[PDB]
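Containing mmCIF, C-alpha atoms: model_0.cif.
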```cif
data_structure
loop_
_atom_site.group_PDB
_atom_site.id
_atom_site.type_symbol
_atom_site.label_atom_id
_atom_site.label_comp_id
_atom_site.auth_asym_id
_atom_site.auth_seq_id
_atom_site.Cartn_x
_atom_site.Cartn_y
_atom_site.Cartn_z
ATOM 1 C CA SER A 1856 70.461 141.015 -59.379
ATOM 2 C CA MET A 1857 68.911 144.352 -58.312
ATOM 3 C CA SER A 1858 67.035 143.947 -55.009
ATOM 4 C CA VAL A 1859 67.446 140.041 -55.358
ATOM 5 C CA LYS A 1860 70.126 138.581 -53.043
ATOM 6 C CA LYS A 1861 71.352 135.134 -51.982
ATOM 7 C CA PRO A 1862 71.311 134.543 -48.161
ATOM 8 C CA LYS A 1863 74.142 136.354 -46.177
ATOM 9 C CA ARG A 1864 77.143 133.953 -45.427
ATOM 10 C CA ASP A 1865 78.735 135.009 -42.078
ATOM 11 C CA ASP A 1866 82.210 136.383 -42.943
ATOM 12 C CA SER A 1867 82.892 138.072 -39.590
ATOM 13 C CA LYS A 1868 85.476 135.440 -38.490
ATOM 14 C CA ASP A 1869 87.332 135.230 -41.851
ATOM 15 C CA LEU A 1870 90.133 137.658 -40.769
ATOM 16 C CA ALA A 1871 90.867 135.733 -37.602
ATOM 17 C CA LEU A 1872 90.748 132.357 -39.219
ATOM 18 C CA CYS A 1873 93.088 133.377 -42.200
ATOM 19 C CA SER A 1874 95.514 134.718 -39.462
ATOM 20 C CA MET A 1875 95.439 131.295 -37.728
ATOM 21 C CA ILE A 1876 96.064 129.380 -40.914
ATOM 22 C CA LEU A 1877 98.961 131.780 -41.784
ATOM 23 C CA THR A 1878 100.428 131.190 -38.237
ATOM 24 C CA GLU A 1879 100.340 127.479 -38.818
ATOM 25 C CA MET A 1880 102.110 127.870 -42.220
ATOM 26 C CA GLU A 1881 104.750 130.224 -40.666
ATOM 27 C CA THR A 1882 105.623 127.646 -37.954
ATOM 28 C CA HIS A 1883 105.789 124.517 -40.237
ATOM 29 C CA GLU A 1884 109.355 123.138 -40.494
ATOM 30 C CA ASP A 1885 109.319 123.291 -44.271
ATOM 31 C CA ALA A 1886 108.324 127.015 -44.354
ATOM 32 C CA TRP A 1887 111.985 128.290 -44.480
ATOM 33 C CA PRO A 1888 112.129 128.915 -48.271
ATOM 34 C CA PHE A 1889 108.981 131.103 -48.047
ATOM 35 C CA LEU A 1890 109.317 133.186 -44.848
ATOM 36 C CA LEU A 1891 110.985 136.241 -46.505
ATOM 37 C CA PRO A 1892 111.112 137.801 -49.980
ATOM 38 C CA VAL A 1893 113.671 136.204 -52.392
ATOM 39 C CA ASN A 1894 116.686 138.544 -52.585
ATOM 40 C CA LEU A 1895 116.456 139.877 -56.172
ATOM 41 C CA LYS A 1896 120.082 141.160 -56.014
ATOM 42 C CA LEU A 1897 121.522 137.798 -55.024
ATOM 43 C CA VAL A 1898 119.425 135.253 -57.003
ATOM 44 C CA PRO A 1899 120.141 135.270 -60.718
ATOM 45 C CA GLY A 1900 117.131 134.923 -62.944
ATOM 46 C CA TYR A 1901 114.474 135.576 -60.217
ATOM 47 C CA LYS A 1902 113.620 139.139 -61.086
ATOM 48 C CA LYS A 1903 113.069 138.543 -64.804
ATOM 49 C CA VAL A 1904 111.381 135.211 -64.566
ATOM 50 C CA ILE A 1905 108.979 135.630 -61.550
ATOM 51 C CA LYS A 1906 106.649 138.434 -62.507
ATOM 52 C CA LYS A 1907 104.811 138.520 -59.156
ATOM 53 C CA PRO A 1908 107.020 137.563 -56.160
ATOM 54 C CA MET A 1909 105.144 136.583 -52.959
ATOM 55 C CA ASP A 1910 106.240 135.312 -49.495
ATOM 56 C CA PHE A 1911 104.613 134.704 -46.061
ATOM 57 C CA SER A 1912 105.974 137.957 -44.484
ATOM 58 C CA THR A 1913 104.421 140.054 -47.278
ATOM 59 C CA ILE A 1914 101.084 138.139 -46.924
ATOM 60 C CA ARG A 1915 101.218 138.765 -43.145
ATOM 61 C CA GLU A 1916 101.757 142.556 -43.600
ATOM 62 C CA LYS A 1917 98.926 142.754 -46.252
ATOM 63 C CA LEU A 1918 96.619 140.821 -43.850
ATOM 64 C CA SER A 1919 97.437 143.051 -40.875
ATOM 65 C CA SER A 1920 96.814 146.340 -42.819
ATOM 66 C CA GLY A 1921 93.426 145.573 -44.567
ATOM 67 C CA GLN A 1922 94.840 144.918 -47.994
ATOM 68 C CA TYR A 1923 92.771 141.656 -48.579
ATOM 69 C CA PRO A 1924 89.179 142.538 -49.545
ATOM 70 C CA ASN A 1925 88.011 138.938 -49.002
ATOM 71 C CA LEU A 1926 89.215 135.370 -48.220
ATOM 72 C CA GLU A 1927 89.656 134.493 -51.973
ATOM 73 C CA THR A 1928 92.238 137.244 -52.542
ATOM 74 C CA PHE A 1929 94.142 135.836 -49.459
ATOM 75 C CA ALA A 1930 94.101 132.253 -50.919
ATOM 76 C CA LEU A 1931 95.300 133.638 -54.330
ATOM 77 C CA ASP A 1932 98.489 135.114 -52.714
ATOM 78 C CA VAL A 1933 99.207 131.912 -50.715
ATOM 79 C CA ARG A 1934 98.870 129.792 -53.917
ATOM 80 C CA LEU A 1935 101.106 132.334 -55.794
ATOM 81 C CA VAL A 1936 103.872 131.507 -53.289
ATOM 82 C CA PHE A 1937 103.702 127.779 -54.369
ATOM 83 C CA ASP A 1938 103.222 128.428 -58.063
ATOM 84 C CA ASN A 1939 106.330 130.647 -58.094
ATOM 85 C CA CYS A 1940 108.264 127.927 -56.233
ATOM 86 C CA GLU A 1941 107.275 125.331 -58.911
ATOM 87 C CA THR A 1942 108.232 127.750 -61.718
ATOM 88 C CA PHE A 1943 111.791 128.227 -60.425
ATOM 89 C CA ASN A 1944 112.726 124.985 -58.606
ATOM 90 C CA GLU A 1945 113.050 121.348 -59.685
ATOM 91 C CA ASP A 1946 110.474 118.924 -58.043
ATOM 92 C CA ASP A 1947 113.487 116.784 -56.854
ATOM 93 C CA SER A 1948 115.249 119.574 -54.807
ATOM 94 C CA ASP A 1949 114.783 120.383 -51.132
ATOM 95 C CA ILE A 1950 112.982 123.659 -51.966
ATOM 96 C CA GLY A 1951 110.823 121.970 -54.656
ATOM 97 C CA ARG A 1952 109.663 119.293 -52.181
ATOM 98 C CA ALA A 1953 109.081 121.961 -49.468
ATOM 99 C CA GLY A 1954 106.699 123.740 -51.809
ATOM 100 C CA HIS A 1955 104.657 120.646 -52.636
ATOM 101 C CA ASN A 1956 104.420 119.744 -48.926
ATOM 102 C CA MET A 1957 103.308 123.312 -47.946
ATOM 103 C CA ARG A 1958 100.681 123.525 -50.668
ATOM 104 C CA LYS A 1959 99.199 120.206 -49.470
ATOM 105 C CA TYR A 1960 99.248 121.421 -45.870
ATOM 106 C CA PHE A 1961 97.546 124.725 -46.798
ATOM 107 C CA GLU A 1962 94.809 123.193 -48.986
ATOM 108 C CA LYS A 1963 93.720 120.790 -46.250
ATOM 109 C CA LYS A 1964 93.467 123.604 -43.602
ATOM 110 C CA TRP A 1965 91.542 125.697 -46.154
ATOM 111 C CA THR A 1966 88.972 122.936 -46.934
ATOM 112 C CA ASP A 1967 88.559 122.012 -43.239
ATOM 113 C CA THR A 1968 88.139 125.615 -42.132
ATOM 114 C CA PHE A 1969 85.859 127.014 -44.918
ATOM 115 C CA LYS A 1970 84.247 124.133 -47.039
#
```

Structure encoded using structure tokens:
Amino acid sequence: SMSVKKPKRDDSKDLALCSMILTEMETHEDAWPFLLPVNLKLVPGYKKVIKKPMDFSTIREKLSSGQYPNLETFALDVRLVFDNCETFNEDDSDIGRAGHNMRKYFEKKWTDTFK
């Protein structure tokens, strides 16, 4: 509360470490469904159904231009990528499996880096 603060957690490496994690996700073999925005002209249903589209390229631009105020807003956009994938794709499809694999990959790097 006012003039009463918890000890200062060092956040000075967060930017660099989120960039490294994002690099690792970009270079995973199963990243191909997620590298670029879904083409809303060519994919029927996507625009109406997925209220907040997200992809790795868009996360990378936001990261590079100071649009994440902290590491939790970064993790929210990564998870949005996988939540959207589950909304639109069957679990037993190549894309559906890609999304489960990538979420698992991400959540392990996140825990090992920050928890």

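Across the structure, CA of residue 1874 in chain A and CA of residue 1862 in chain A are spaced 25.7 Å apart.
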
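Residue selection for this entry, given the PyMOL selection byres ((chain A and resi 1941) around 12), comprises residues 1905, 1934, 1935, 1936, 1937, 1938, 1939, 1940, 1942, 1943, 1944, 1945, 1946, 1947, 1948, 1949, 1950, 1951, 1952, 1953, 1954, 1955, 1956, 1957 and 1958 of chain A.
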
Inset, instruction - List, as a ChimeraX atom specification, every residue that the PyMOL selection byres ((chain A and resi 1870) around 10) selects in the file provided. - result: /A:1866-1869,1871-1875,1918-1919,1921,1923,1925-1926,1929

Output, as lines of an AutoDock Vina configuration file, the centre and edge lengths in Å (one decimal) of the axis-aligned box that contains all listed atoms of range 1899-1904 of chain A with 8 Å of margin on each side.
```
center_x = 115.8
center_y = 137.0
center_z = -62.5
size_x = 24.8
size_y = 20.2
size_z = 20.6
```

Inset, instruction - Find the residues around residue 1914 in chain A up to 9 Å (only C-alpha atoms counted), leave out those fewer than 3 positions away in its own chain, and share them as a list in words. - result: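 Everything that qualifies: residues 1877, 1909, 1910, 1911, 1917, 1918, 1919, 1929, 1932 and 1933 of chain A.
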
Legend entry - Closest of A:1864, A:1915, A:1902, A:1896 to residue 1969 in chain A - atom-to-atom distances counting all atoms listed in the file: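 Answer, going by the shortest atom-to-atom distance: A:1864.
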
Legend entry - d(CA of residue 1964 in chain A, CA of residue 1894 in chain A) in Å: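 Answer for the CA of residue 1964 in chain A to CA of residue 1894 in chain A separation: 29.0 Å.
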
Inset, instruction - Point out the residue among A:1901, A:1960, A:1889, A:1965 with the least atom-to-atom distance to residue 1927 in chain A, counting all atoms listed in the file. - result: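 Among the listed residues, A:1965 lies closest to residue 1927 in chain A.
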
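Here CA of residue 1962 in chain A and CA of residue 1886 in chain A stand 14.8 Å from one another.
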
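Nearest residue to residue 1888 in chain A among A:1924, A:1961, A:1912, A:1859 is A:1912, counting all atoms listed in the file.
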
Legend entry - Pick from A:1966, A:1928, A:1913, A:1858, whichever lies nearest to residue 1881 in chain A using all atoms listed in the file: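 Residue with the minimum atom-to-atom distance to residue 1881 in chain A: A:1913.
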